Structures are given as structure tokens and as C-alpha cells.
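Below you'll find only one chain, the form solved without the partner chain, shown as C-alpha cells.
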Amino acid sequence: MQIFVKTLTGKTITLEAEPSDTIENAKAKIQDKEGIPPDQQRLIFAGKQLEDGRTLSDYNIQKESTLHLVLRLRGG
């Protein structure tokens, strides 16, 4: 799937993932692009706060669907 997330800084990051992938994994993939450890990340999906240990599927990110990720930095 094509994942798009906007950072606190308005930066668009594009990632590849499946519904089966975890939120934790998604954060790790973002880190590789953002440079910010998952510890400092606050990732929200369609206004709903994401929990670690969950899947993307659990939040209705199904195959060939879309995502609505809003990412903030801790301290911001």
C-alpha cells in the first residue's frame, strides 16, 4: 500500500506497508526517513490515536485503500 504521513513540520513522507503491518513497524519506517525515534513520535490516524502492538488493519487500512496519518513531534 501507498502510505502518506505529514509530520509536525508539514513534511510529506511516503512509505510502503501492508494492513498486516504493525503500528510500531510503521513508526520505524518513518524514522528511517524523518530521523526521529518512535519514542518522540505521536502518530494519529483520522483523528484516532494509534496504539503500539496493533495492526494497520485494525484501524481500517485495508488493501488498496487510503490512509490519513497525522504525525506530531514530542515537545511540539
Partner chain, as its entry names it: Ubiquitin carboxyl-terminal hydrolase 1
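Positions refer to the first chain, counted from 1.
Absent from the display: the form solved in complex with the partner chain. The rest refers to it.
Within 4.5 Å of some heavy atom of the partner chain in the deposited complex lies at least one heavy atom of residue 44. When contacts are judged by a 4.5 Å heavy atom cut-off, residue 28 does not count as touching the partner chain in the deposited complex.
For the partner-free chain shown, 42, 44, 45, 46, 47, 48, 49, 63, 64, 65, 66, 68, 69, 70, 71, 72, 73, 74, 75, 76 of 41-76 come within 4.5 angstroms of the partner chain in the deposited complex, judged by any non-hydrogen atom.
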